[PDB]
Structures are given as C-alpha cells and as structure tokens.
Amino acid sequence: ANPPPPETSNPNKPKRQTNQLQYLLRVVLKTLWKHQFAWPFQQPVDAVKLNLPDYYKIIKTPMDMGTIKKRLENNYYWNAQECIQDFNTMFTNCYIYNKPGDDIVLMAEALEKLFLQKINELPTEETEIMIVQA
C-alpha cells in the first residue's frame, strides 16, 4: 500500500526564492527531465506496481523529481541546499533499496552524474529574489 505522496506545500513552513533555487527549476530540473533515464524518477515510486517488497520499510523518505518540481514551483524550499538534499535522497534511496550494478542503480548513477554537473553551474553566491508576477 503506497503512502500519500510527499507534501509539496506547507503554509507554516518558511518559504523563499533565491537565484540558485530559480536556476534549479528552470535550468537544472529542465535538463534532467529530458534525460534518457528521467522516466523512472519523474513520479513517486509505486511499490505495488513495481513489485518492490518492503520498499516503505526500507525507504523512510520516498522522493522523486515530480515532487521536487512541485516543491520548486510552490517555493517550498528555504534555499538551494534544501532542494539538493531532496535530489540526493532520491538517488540514495535507489542505492539503499537495490544492489550495486542493478540496472536501476546504473540509471540513477548516470542521472546523478548529470545532476552534479548541472549544479556545478549554480550562481556562486546565493541571493534572495522576488519575482512578483510569476
């Protein structure tokens, strides 16, 4: 039985926009979304359909790019590092649940490599922005 998907907004969680969060949404995630290995990670894991026994016992924090995209669009994060942590949770979940060299691990590893390449391009200093008419 799959849990509800992770929250993508929180009216009591402090929210903010920065140049780096902005770059994460409109450059990094856009580039990842079209990668040949994006498809397994564009929505939450459905452990029932995929036949992943004990997935939600082993994986305490399910995460996916569909959720990260909504979180970015809803200005859910305080800073870029918080968003980067969700990406890292997504990749490491895969490494935890599966075995090294498994096909899904290889795909996650390649996607992660591209992710790390793109976040190397982030603006050097993180500064707040406020795009009002967004």
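When you see a residue number, it is the position in the sequence shown, counting from 1. Heads up, when I say rigid core I mean the largest set of C-alphas that superpose within 1.5 Å between the two forms.
- In 7 other deposited structures of this protein, superposed by the rigid core, the C-alpha atoms of 53 to 61 lie farther from the shown form than the other of 53 to 61 and 36 to 44.
- Core superposition of the other structures onto this form places the C-alphas of 7 to 15 farther off in 7 other deposited structures of this protein than those of the other stretch among 7 to 15 and 111 to 119.
- As listed in the deposited structure, the average C-alpha B-factor of 25 to 33 and of 38 to 46 is greater for 25 to 33.
- For the two regions 119 to 127 and 8 to 16, the entry's Cα B-factors average higher over 8 to 16.
- Looking only at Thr92, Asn51, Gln85, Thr67, the residue with the top Cα B factor in the deposited structure is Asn51.
- Compared with the other modelled residues of the chain, the Cα B-factor recorded for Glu109 ranks in the lowest third.
- Among all modelled residues in its chain, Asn79 ranks in the lowest third by Cα B-factor.
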